[PDB]
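Heads up, structure.txt below (compact mmCIF, N, CA and C atoms):
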```txt
# COMPACT_ATOMS: atom_id res chain seq x y z
N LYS A 1 0.84 -1.22 0.00
CA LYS A 1 0.00 0.00 0.00
C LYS A 1 0.85 1.25 0.00
N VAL A 2 0.48 2.22 -0.82
CA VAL A 2 1.16 3.51 -0.86
C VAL A 2 0.26 4.52 -0.11
N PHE A 3 0.67 4.94 1.08
CA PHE A 3 -0.12 5.87 1.90
C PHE A 3 -0.14 7.29 1.39
N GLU A 4 -1.22 7.98 1.68
CA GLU A 4 -1.31 9.38 1.34
C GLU A 4 -0.62 10.03 2.55
N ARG A 5 -0.01 11.19 2.34
CA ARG A 5 0.70 11.89 3.42
C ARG A 5 -0.07 12.06 4.73
N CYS A 6 -1.21 12.74 4.68
CA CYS A 6 -1.97 12.96 5.92
C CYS A 6 -2.58 11.70 6.49
N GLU A 7 -2.99 10.79 5.61
CA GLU A 7 -3.55 9.53 6.03
C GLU A 7 -2.50 8.84 6.91
N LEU A 8 -1.25 8.80 6.45
CA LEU A 8 -0.20 8.18 7.25
C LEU A 8 0.04 8.91 8.59
N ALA A 9 0.08 10.24 8.58
CA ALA A 9 0.34 11.03 9.79
C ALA A 9 -0.63 10.69 10.93
N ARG A 10 -1.92 10.62 10.59
CA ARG A 10 -2.95 10.28 11.57
C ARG A 10 -2.79 8.86 12.08
N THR A 11 -2.41 7.94 11.18
CA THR A 11 -2.22 6.54 11.53
C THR A 11 -1.08 6.39 12.53
N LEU A 12 0.05 7.03 12.26
CA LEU A 12 1.18 6.94 13.17
C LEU A 12 0.88 7.62 14.51
N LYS A 13 0.09 8.69 14.51
CA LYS A 13 -0.25 9.36 15.76
C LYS A 13 -1.08 8.43 16.63
N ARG A 14 -2.06 7.79 16.01
CA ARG A 14 -2.94 6.86 16.70
C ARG A 14 -2.13 5.70 17.28
N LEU A 15 -1.03 5.35 16.60
CA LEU A 15 -0.15 4.26 17.03
C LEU A 15 0.90 4.68 18.07
N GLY A 16 0.77 5.90 18.58
CA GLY A 16 1.66 6.38 19.61
C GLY A 16 3.09 6.71 19.23
N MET A 17 3.28 7.16 17.99
CA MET A 17 4.61 7.52 17.50
C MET A 17 5.00 8.96 17.82
N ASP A 18 4.01 9.81 18.05
CA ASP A 18 4.31 11.21 18.31
C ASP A 18 5.03 11.44 19.65
N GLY A 19 6.33 11.75 19.55
CA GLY A 19 7.14 11.99 20.73
C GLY A 19 7.74 10.74 21.31
N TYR A 20 7.60 9.61 20.61
CA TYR A 20 8.17 8.36 21.10
C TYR A 20 9.70 8.52 21.19
N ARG A 21 10.24 8.35 22.40
CA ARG A 21 11.66 8.51 22.66
C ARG A 21 12.22 9.87 22.20
N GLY A 22 11.41 10.92 22.31
CA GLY A 22 11.81 12.26 21.93
C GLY A 22 11.72 12.57 20.46
N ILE A 23 11.13 11.65 19.68
CA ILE A 23 11.00 11.81 18.23
C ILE A 23 9.61 12.29 17.80
N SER A 24 9.57 13.51 17.26
CA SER A 24 8.32 14.12 16.83
C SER A 24 7.71 13.35 15.67
N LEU A 25 6.41 13.52 15.48
CA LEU A 25 5.72 12.85 14.38
C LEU A 25 6.28 13.32 13.02
N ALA A 26 6.59 14.62 12.92
CA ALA A 26 7.15 15.22 11.71
C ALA A 26 8.45 14.51 11.29
N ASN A 27 9.23 14.07 12.26
CA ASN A 27 10.46 13.35 11.98
C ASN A 27 10.22 11.92 11.48
N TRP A 28 9.24 11.23 12.05
CA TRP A 28 8.91 9.89 11.58
C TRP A 28 8.37 9.97 10.15
N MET A 29 7.64 11.05 9.85
CA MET A 29 7.08 11.25 8.51
C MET A 29 8.20 11.52 7.50
N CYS A 30 9.16 12.33 7.92
CA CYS A 30 10.31 12.67 7.09
C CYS A 30 11.06 11.37 6.77
N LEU A 31 11.24 10.53 7.79
CA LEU A 31 11.91 9.24 7.65
C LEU A 31 11.18 8.33 6.64
N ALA A 32 9.88 8.11 6.82
CA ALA A 32 9.08 7.25 5.92
C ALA A 32 9.10 7.75 4.48
N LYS A 33 9.03 9.07 4.31
CA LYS A 33 9.05 9.72 3.01
C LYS A 33 10.31 9.37 2.21
N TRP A 34 11.46 9.57 2.84
CA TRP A 34 12.75 9.32 2.21
C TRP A 34 13.18 7.86 2.16
N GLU A 35 12.66 7.04 3.06
CA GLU A 35 13.01 5.63 3.06
C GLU A 35 12.22 4.81 2.02
N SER A 36 10.92 5.03 1.93
CA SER A 36 10.11 4.23 1.01
C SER A 36 9.09 5.00 0.18
N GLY A 37 8.96 6.30 0.42
CA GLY A 37 7.97 7.06 -0.29
C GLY A 37 6.58 6.66 0.20
N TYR A 38 6.50 6.28 1.48
CA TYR A 38 5.25 5.87 2.14
C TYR A 38 4.68 4.58 1.54
N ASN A 39 5.57 3.71 1.06
CA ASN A 39 5.18 2.46 0.43
C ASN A 39 5.51 1.26 1.33
N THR A 40 4.48 0.56 1.80
CA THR A 40 4.65 -0.58 2.69
C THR A 40 5.33 -1.81 2.09
N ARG A 41 5.30 -1.95 0.76
CA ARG A 41 5.92 -3.12 0.13
C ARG A 41 7.32 -2.85 -0.41
N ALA A 42 7.86 -1.67 -0.11
CA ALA A 42 9.20 -1.33 -0.55
C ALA A 42 10.24 -2.28 0.07
N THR A 43 11.11 -2.83 -0.77
CA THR A 43 12.19 -3.70 -0.29
C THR A 43 13.45 -3.29 -1.07
N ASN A 44 14.59 -3.38 -0.40
CA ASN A 44 15.85 -3.02 -1.02
C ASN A 44 16.95 -3.96 -0.56
N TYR A 45 17.53 -4.66 -1.52
CA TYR A 45 18.61 -5.59 -1.24
C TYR A 45 19.95 -4.85 -1.22
N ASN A 46 20.77 -5.15 -0.23
CA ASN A 46 22.08 -4.51 -0.12
C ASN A 46 23.10 -5.57 -0.55
N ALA A 47 23.49 -5.53 -1.83
CA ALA A 47 24.45 -6.49 -2.41
C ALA A 47 25.73 -6.64 -1.62
N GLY A 48 26.20 -5.53 -1.06
CA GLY A 48 27.42 -5.49 -0.29
C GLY A 48 27.47 -6.35 0.97
N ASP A 49 26.41 -6.37 1.76
CA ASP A 49 26.41 -7.17 2.99
C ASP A 49 25.35 -8.28 3.03
N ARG A 50 24.60 -8.41 1.95
CA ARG A 50 23.57 -9.44 1.81
C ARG A 50 22.34 -9.35 2.71
N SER A 51 22.04 -8.14 3.16
CA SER A 51 20.89 -7.90 4.00
C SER A 51 19.83 -7.18 3.15
N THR A 52 18.59 -7.15 3.62
CA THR A 52 17.52 -6.49 2.89
C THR A 52 16.76 -5.54 3.82
N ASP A 53 16.36 -4.38 3.30
CA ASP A 53 15.58 -3.41 4.07
C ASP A 53 14.12 -3.62 3.67
N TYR A 54 13.24 -3.77 4.65
CA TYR A 54 11.82 -4.04 4.41
C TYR A 54 10.81 -3.01 4.88
N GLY A 55 9.80 -2.79 4.06
CA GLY A 55 8.71 -1.89 4.42
C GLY A 55 8.84 -0.39 4.39
N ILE A 56 7.82 0.24 4.98
CA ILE A 56 7.72 1.68 5.03
C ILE A 56 8.89 2.38 5.73
N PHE A 57 9.48 1.74 6.72
CA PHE A 57 10.61 2.33 7.45
C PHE A 57 11.95 1.73 7.04
N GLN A 58 11.93 0.86 6.04
CA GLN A 58 13.15 0.19 5.55
C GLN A 58 13.96 -0.39 6.71
N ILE A 59 13.33 -1.35 7.38
CA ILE A 59 13.90 -2.03 8.53
C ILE A 59 14.81 -3.15 8.05
N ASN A 60 16.01 -3.21 8.60
CA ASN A 60 17.03 -4.17 8.18
C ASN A 60 17.00 -5.60 8.74
N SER A 61 17.13 -6.58 7.84
CA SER A 61 17.11 -8.00 8.20
C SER A 61 18.26 -8.56 9.04
N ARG A 62 19.36 -7.83 9.15
CA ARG A 62 20.47 -8.31 9.96
C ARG A 62 20.22 -8.12 11.44
N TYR A 63 19.46 -7.09 11.80
CA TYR A 63 19.24 -6.81 13.21
C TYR A 63 17.85 -6.84 13.76
N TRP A 64 16.89 -6.40 12.96
CA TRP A 64 15.52 -6.25 13.44
C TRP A 64 14.42 -7.24 13.07
N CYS A 65 14.54 -7.88 11.92
CA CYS A 65 13.55 -8.87 11.55
C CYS A 65 14.34 -10.00 10.94
N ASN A 66 13.72 -11.17 10.86
CA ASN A 66 14.35 -12.36 10.31
C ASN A 66 13.78 -12.77 8.96
N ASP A 67 14.66 -12.94 7.97
CA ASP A 67 14.24 -13.39 6.65
C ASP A 67 14.94 -14.71 6.25
N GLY A 68 15.72 -15.28 7.16
CA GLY A 68 16.40 -16.53 6.90
C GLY A 68 17.64 -16.55 6.03
N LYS A 69 17.73 -15.65 5.06
CA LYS A 69 18.86 -15.63 4.15
C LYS A 69 19.93 -14.58 4.42
N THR A 70 19.88 -13.92 5.57
CA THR A 70 20.87 -12.89 5.89
C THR A 70 21.95 -13.47 6.80
N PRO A 71 23.23 -13.41 6.37
CA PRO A 71 24.37 -13.93 7.14
C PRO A 71 24.47 -13.14 8.44
N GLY A 72 25.01 -13.75 9.49
CA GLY A 72 25.17 -13.08 10.78
C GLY A 72 23.98 -12.27 11.25
N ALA A 73 22.80 -12.85 11.11
CA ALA A 73 21.57 -12.18 11.48
C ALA A 73 21.15 -12.46 12.91
N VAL A 74 20.46 -11.47 13.47
CA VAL A 74 19.91 -11.49 14.81
C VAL A 74 18.48 -10.98 14.67
N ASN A 75 17.64 -11.27 15.65
CA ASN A 75 16.25 -10.83 15.60
C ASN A 75 15.92 -9.99 16.82
N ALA A 76 16.42 -8.75 16.85
CA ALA A 76 16.19 -7.84 17.97
C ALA A 76 14.71 -7.54 18.15
N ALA A 77 14.05 -7.13 17.07
CA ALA A 77 12.63 -6.84 17.13
C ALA A 77 11.79 -8.14 17.18
N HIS A 78 12.44 -9.29 16.99
CA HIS A 78 11.79 -10.61 17.01
C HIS A 78 10.55 -10.78 16.13
N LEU A 79 10.68 -10.43 14.85
CA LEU A 79 9.60 -10.51 13.88
C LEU A 79 10.09 -11.12 12.58
N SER A 80 9.17 -11.64 11.79
CA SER A 80 9.52 -12.15 10.47
C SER A 80 9.49 -10.89 9.60
N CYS A 81 10.42 -10.75 8.66
CA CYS A 81 10.44 -9.57 7.79
C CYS A 81 9.18 -9.46 6.95
N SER A 82 8.50 -10.59 6.74
CA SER A 82 7.25 -10.69 5.99
C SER A 82 6.19 -9.74 6.57
N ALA A 83 6.16 -9.63 7.90
CA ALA A 83 5.21 -8.78 8.63
C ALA A 83 5.34 -7.29 8.31
N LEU A 84 6.52 -6.89 7.85
CA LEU A 84 6.82 -5.50 7.51
C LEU A 84 6.46 -5.13 6.06
N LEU A 85 5.78 -6.05 5.38
CA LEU A 85 5.35 -5.82 4.00
C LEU A 85 3.80 -5.79 3.93
N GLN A 86 3.16 -5.79 5.10
CA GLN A 86 1.69 -5.75 5.20
C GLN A 86 1.13 -4.35 4.96
N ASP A 87 -0.16 -4.26 4.63
CA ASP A 87 -0.80 -2.96 4.43
C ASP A 87 -1.01 -2.29 5.79
N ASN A 88 -1.23 -3.12 6.81
CA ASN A 88 -1.40 -2.65 8.17
C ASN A 88 0.01 -2.43 8.74
N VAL A 89 0.35 -1.17 9.06
CA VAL A 89 1.67 -0.83 9.58
C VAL A 89 1.94 -1.04 11.08
N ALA A 90 1.00 -1.67 11.79
CA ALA A 90 1.17 -1.91 13.22
C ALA A 90 2.48 -2.61 13.56
N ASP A 91 2.81 -3.69 12.85
CA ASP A 91 4.07 -4.40 13.13
C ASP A 91 5.32 -3.58 12.78
N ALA A 92 5.26 -2.82 11.69
CA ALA A 92 6.38 -1.96 11.27
C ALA A 92 6.62 -0.86 12.31
N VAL A 93 5.54 -0.38 12.93
CA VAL A 93 5.64 0.65 13.95
C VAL A 93 6.28 0.06 15.21
N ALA A 94 5.89 -1.14 15.59
CA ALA A 94 6.45 -1.77 16.77
C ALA A 94 7.94 -2.04 16.57
N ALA A 95 8.34 -2.39 15.35
CA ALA A 95 9.74 -2.64 15.01
C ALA A 95 10.52 -1.33 15.02
N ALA A 96 9.95 -0.28 14.43
CA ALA A 96 10.59 1.04 14.42
C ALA A 96 10.81 1.55 15.86
N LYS A 97 9.85 1.32 16.74
CA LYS A 97 10.00 1.74 18.14
C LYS A 97 11.19 1.00 18.76
N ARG A 98 11.30 -0.30 18.46
CA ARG A 98 12.41 -1.11 18.97
C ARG A 98 13.76 -0.57 18.49
N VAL A 99 13.87 -0.20 17.21
CA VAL A 99 15.12 0.35 16.69
C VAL A 99 15.58 1.58 17.47
N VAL A 100 14.66 2.51 17.76
CA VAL A 100 15.02 3.72 18.47
C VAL A 100 15.22 3.60 19.98
N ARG A 101 14.99 2.42 20.53
CA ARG A 101 15.23 2.19 21.95
C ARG A 101 16.73 2.02 22.20
N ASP A 102 17.49 1.82 21.13
CA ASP A 102 18.94 1.73 21.24
C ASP A 102 19.45 3.18 21.32
N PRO A 103 20.61 3.40 21.96
CA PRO A 103 21.18 4.75 22.09
C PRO A 103 21.26 5.67 20.84
N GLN A 104 21.42 5.10 19.65
CA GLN A 104 21.49 5.92 18.43
C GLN A 104 20.19 6.68 18.17
N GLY A 105 19.07 6.05 18.51
CA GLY A 105 17.79 6.69 18.27
C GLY A 105 17.49 6.76 16.78
N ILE A 106 16.84 7.84 16.37
CA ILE A 106 16.45 8.05 14.98
C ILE A 106 17.67 8.10 14.03
N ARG A 107 18.85 8.33 14.60
CA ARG A 107 20.07 8.40 13.80
C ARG A 107 20.47 7.05 13.21
N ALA A 108 19.79 5.98 13.61
CA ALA A 108 20.08 4.65 13.10
C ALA A 108 19.95 4.60 11.57
N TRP A 109 19.05 5.41 11.04
CA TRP A 109 18.83 5.48 9.60
C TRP A 109 19.68 6.62 9.05
N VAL A 110 20.65 6.29 8.20
CA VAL A 110 21.50 7.34 7.64
C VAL A 110 20.70 8.34 6.83
N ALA A 111 19.64 7.88 6.16
CA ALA A 111 18.77 8.76 5.38
C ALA A 111 18.18 9.88 6.22
N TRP A 112 17.93 9.61 7.51
CA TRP A 112 17.37 10.63 8.40
C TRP A 112 18.37 11.79 8.59
N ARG A 113 19.65 11.44 8.73
CA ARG A 113 20.74 12.42 8.89
C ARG A 113 20.91 13.31 7.66
N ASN A 114 20.85 12.70 6.49
CA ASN A 114 21.01 13.40 5.21
C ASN A 114 19.85 14.28 4.83
N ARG A 115 18.62 13.79 5.04
CA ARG A 115 17.45 14.57 4.63
C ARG A 115 16.50 15.16 5.65
N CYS A 116 16.67 14.84 6.93
CA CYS A 116 15.75 15.36 7.96
C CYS A 116 16.37 16.14 9.10
N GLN A 117 17.44 15.60 9.66
CA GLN A 117 18.13 16.21 10.78
C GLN A 117 18.50 17.68 10.53
N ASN A 118 18.23 18.53 11.51
CA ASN A 118 18.52 19.97 11.44
C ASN A 118 17.78 20.72 10.34
N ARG A 119 16.67 20.16 9.86
CA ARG A 119 15.87 20.81 8.82
C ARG A 119 14.48 21.16 9.36
N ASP A 120 13.76 21.97 8.58
CA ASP A 120 12.39 22.38 8.90
C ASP A 120 11.56 21.23 8.34
N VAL A 121 11.04 20.39 9.22
CA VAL A 121 10.24 19.24 8.79
C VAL A 121 8.74 19.39 9.00
N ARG A 122 8.28 20.60 9.31
CA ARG A 122 6.86 20.84 9.55
C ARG A 122 6.02 20.48 8.35
N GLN A 123 6.60 20.69 7.17
CA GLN A 123 5.91 20.42 5.92
C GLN A 123 5.37 19.00 5.81
N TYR A 124 5.92 18.06 6.58
CA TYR A 124 5.47 16.67 6.50
C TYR A 124 4.13 16.40 7.20
N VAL A 125 3.77 17.25 8.16
CA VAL A 125 2.52 17.08 8.91
C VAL A 125 1.54 18.24 8.80
N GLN A 126 1.91 19.27 8.05
CA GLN A 126 1.05 20.44 7.92
C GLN A 126 -0.22 20.14 7.16
N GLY A 127 -1.34 20.56 7.75
CA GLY A 127 -2.65 20.36 7.16
C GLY A 127 -3.29 19.02 7.47
N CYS A 128 -2.59 18.16 8.19
CA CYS A 128 -3.10 16.82 8.48
C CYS A 128 -3.98 16.65 9.70
N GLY A 129 -4.10 17.68 10.52
CA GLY A 129 -4.92 17.57 11.71
C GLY A 129 -4.33 16.74 12.85
N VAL A 130 -2.99 16.70 12.94
CA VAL A 130 -2.32 15.97 14.02
C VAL A 130 -1.58 16.92 14.98
```

Target encoding structure tokens, full file:
Amino acid sequence: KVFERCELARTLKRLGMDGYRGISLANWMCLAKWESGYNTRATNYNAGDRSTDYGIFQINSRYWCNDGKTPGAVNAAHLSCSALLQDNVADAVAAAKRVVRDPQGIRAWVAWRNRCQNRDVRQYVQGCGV
């Protein structure tokens, strides 16, 4: 499923993402935008280390979900990567919360540093009623 901007903002708010571990909703929106374009079935294989990023938040198979074919894999979020390709983002949100519980926080995603950090991100939630 490809979410509409405001539709996604309200969904993540309802799921308790606003201010989770000090991370504003505008920042989670900025992250989803640049990681998958708000697309739940987005997947990206990393030829270099043989891991795959899954879903709307591009969650990695080496640390957060299990896909069976990733070398030196662990299951921190303890989920099958399959769950992160669903139209319902509840599991992807629970996994994203797990990622930010580590000291790095939102910085875990390099894309967040390049396109969101230290920027005016209000544009991601403006007009959405959140």

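Atom C of residue 71 in chain A is positioned 28.2 Å from atom C of residue 28 in chain A.
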
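Counting from atom N of residue 102 in chain A, the distance to atom C of residue 31 in chain A is 17.1 Å.
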
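CA of residue 126 in chain A is found 16.2 Å from CA of residue 38 in chain A.
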
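Residues in contact range of residue 73 in chain A, defined as at most 7 Å between all atoms listed in the file, with sequence neighbours fewer than 6 positions away removed, read residues 61, 62 and 63 of chain A.
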
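Per DSSP on the backbone, strand (DSSP E or B) in range 40-118 of chain A comprises residues 43, 44, 45, 46, 51, 52, 53, 54, 59, 60, 65, 66, 79 and 80 of chain A.
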
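With only C-alpha atoms as the basis for measurement, A:59 is the residue among A:59, A:81, A:15, A:76 that approaches residue 109 in chain A most closely.
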
> Skipping near chain neighbours, those fewer than 5 positions away, what residues fall within 7 Å of residue 125 in chain A using only N, CA and C atoms, listed as a VMD selection string?
Replying inline: chain A and resid 6 9 25 to 26 29 130

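Every protein, DNA or RNA residue with an atom at most 6 Å from residue 39 in chain A, where only N, CA and C atoms count and chain neighbours fewer than 3 positions away do not, is listed here: residues 1, 2, 3, 36, 42, 55 and 56 of chain A.
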
Mind giving me the axis-aligned box for range 79-87 of chain A with 4 Å on every side, centre plus edges in Å to one decimal, as lines of an AutoDock Vina configuration file?
```
center_x = 4.8
center_y = -7.2
center_z = 9.4
size_x = 19.7
size_y = 17.9
size_z = 18.9
```

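Of the residues under consideration (A:128, A:122, A:77, A:65), A:122 shows the shortest atom-to-atom contact distance to residue 27 in chain A when counting all atoms listed in the file.
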
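Here the residues within range 20-94 of chain A that DSSP labels helix (DSSP H, G or I) on the basis of the backbone are residues 25, 26, 27, 28, 29, 30, 31, 32, 33, 34, 35, 36, 81, 82, 83, 84, 85, 90, 91, 92, 93 and 94 of chain A.
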
> Neighbours of residue 80 in chain A within 6.5 Å (all atoms listed in the file; same-chain residues fewer than 2 positions away dropped), as a PyMOL selection string?
Replying inline: chain A and resi 65-67+78+82-84

>> Residues within 12 Å of residue 47 in chain A, please, as a PyMOL selection string. Count only C-alpha atoms; anything in the same chain fewer than 5 positions from it doesn't count.
In response: chain A and resi 52-53+70

Can you complete the atoms of range 60-75 of chain A to N, CA, C and O atoms and list them as a PDB file, in the coordinates of the input?
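Below is the file part-v6.pdb, written as the result:
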```
ATOM      1  N   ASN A  60      16.010  -3.210   8.600  1.00  0.00           N
ATOM      2  CA  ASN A  60      17.030  -4.170   8.180  1.00  0.00           C
ATOM      3  C   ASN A  60      17.000  -5.600   8.740  1.00  0.00           C
ATOM      4  O   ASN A  60      16.965  -5.796   9.963  1.00  0.00           O
ATOM      5  N   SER A  61      17.130  -6.580   7.840  1.00  0.00           N
ATOM      6  CA  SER A  61      17.110  -8.000   8.200  1.00  0.00           C
ATOM      7  C   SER A  61      18.260  -8.560   9.040  1.00  0.00           C
ATOM      8  O   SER A  61      18.165  -9.656   9.597  1.00  0.00           O
ATOM      9  N   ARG A  62      19.360  -7.830   9.150  1.00  0.00           N
ATOM     10  CA  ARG A  62      20.470  -8.310   9.960  1.00  0.00           C
ATOM     11  C   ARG A  62      20.220  -8.120  11.440  1.00  0.00           C
ATOM     12  O   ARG A  62      20.654  -8.931  12.257  1.00  0.00           O
ATOM     13  N   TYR A  63      19.460  -7.090  11.800  1.00  0.00           N
ATOM     14  CA  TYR A  63      19.240  -6.810  13.210  1.00  0.00           C
ATOM     15  C   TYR A  63      17.850  -6.840  13.760  1.00  0.00           C
ATOM     16  O   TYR A  63      17.647  -7.277  14.881  1.00  0.00           O
ATOM     17  N   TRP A  64      16.890  -6.400  12.960  1.00  0.00           N
ATOM     18  CA  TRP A  64      15.520  -6.250  13.440  1.00  0.00           C
ATOM     19  C   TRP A  64      14.420  -7.240  13.070  1.00  0.00           C
ATOM     20  O   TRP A  64      13.409  -7.326  13.750  1.00  0.00           O
ATOM     21  N   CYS A  65      14.540  -7.880  11.920  1.00  0.00           N
ATOM     22  CA  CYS A  65      13.550  -8.870  11.550  1.00  0.00           C
ATOM     23  C   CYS A  65      14.340 -10.000  10.940  1.00  0.00           C
ATOM     24  O   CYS A  65      15.520  -9.830  10.592  1.00  0.00           O
ATOM     25  N   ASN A  66      13.720 -11.170  10.860  1.00  0.00           N
ATOM     26  CA  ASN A  66      14.350 -12.360  10.310  1.00  0.00           C
ATOM     27  C   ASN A  66      13.780 -12.770   8.960  1.00  0.00           C
ATOM     28  O   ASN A  66      12.553 -12.880   8.787  1.00  0.00           O
ATOM     29  N   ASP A  67      14.660 -12.940   7.970  1.00  0.00           N
ATOM     30  CA  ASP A  67      14.240 -13.390   6.650  1.00  0.00           C
ATOM     31  C   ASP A  67      14.940 -14.710   6.250  1.00  0.00           C
ATOM     32  O   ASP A  67      14.773 -15.200   5.153  1.00  0.00           O
ATOM     33  N   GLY A  68      15.720 -15.280   7.160  1.00  0.00           N
ATOM     34  CA  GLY A  68      16.400 -16.530   6.900  1.00  0.00           C
ATOM     35  C   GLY A  68      17.640 -16.550   6.030  1.00  0.00           C
ATOM     36  O   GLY A  68      18.530 -17.370   6.227  1.00  0.00           O
ATOM     37  N   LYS A  69      17.730 -15.650   5.060  1.00  0.00           N
ATOM     38  CA  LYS A  69      18.860 -15.630   4.150  1.00  0.00           C
ATOM     39  C   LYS A  69      19.930 -14.580   4.420  1.00  0.00           C
ATOM     40  O   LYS A  69      20.823 -14.388   3.601  1.00  0.00           O
ATOM     41  N   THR A  70      19.880 -13.920   5.570  1.00  0.00           N
ATOM     42  CA  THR A  70      20.870 -12.890   5.890  1.00  0.00           C
ATOM     43  C   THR A  70      21.950 -13.470   6.800  1.00  0.00           C
ATOM     44  O   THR A  70      21.647 -13.979   7.868  1.00  0.00           O
ATOM     45  N   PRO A  71      23.230 -13.410   6.370  1.00  0.00           N
ATOM     46  CA  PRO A  71      24.370 -13.930   7.140  1.00  0.00           C
ATOM     47  C   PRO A  71      24.470 -13.140   8.440  1.00  0.00           C
ATOM     48  O   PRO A  71      24.054 -11.991   8.478  1.00  0.00           O
ATOM     49  N   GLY A  72      25.010 -13.750   9.490  1.00  0.00           N
ATOM     50  CA  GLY A  72      25.170 -13.080  10.780  1.00  0.00           C
ATOM     51  C   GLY A  72      23.980 -12.270  11.250  1.00  0.00           C
ATOM     52  O   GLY A  72      24.135 -11.155  11.772  1.00  0.00           O
ATOM     53  N   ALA A  73      22.800 -12.850  11.110  1.00  0.00           N
ATOM     54  CA  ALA A  73      21.570 -12.180  11.480  1.00  0.00           C
ATOM     55  C   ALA A  73      21.150 -12.460  12.910  1.00  0.00           C
ATOM     56  O   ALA A  73      21.455 -13.508  13.491  1.00  0.00           O
ATOM     57  N   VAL A  74      20.460 -11.470  13.470  1.00  0.00           N
ATOM     58  CA  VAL A  74      19.910 -11.490  14.810  1.00  0.00           C
ATOM     59  C   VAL A  74      18.480 -10.980  14.670  1.00  0.00           C
ATOM     60  O   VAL A  74      18.122 -10.336  13.658  1.00  0.00           O
ATOM     61  N   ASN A  75      17.640 -11.270  15.650  1.00  0.00           N
ATOM     62  CA  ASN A  75      16.250 -10.830  15.600  1.00  0.00           C
ATOM     63  C   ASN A  75      15.920  -9.990  16.820  1.00  0.00           C
ATOM     64  O   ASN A  75      15.255 -10.466  17.741  1.00  0.00           O
TER      65      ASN A  75
END
```
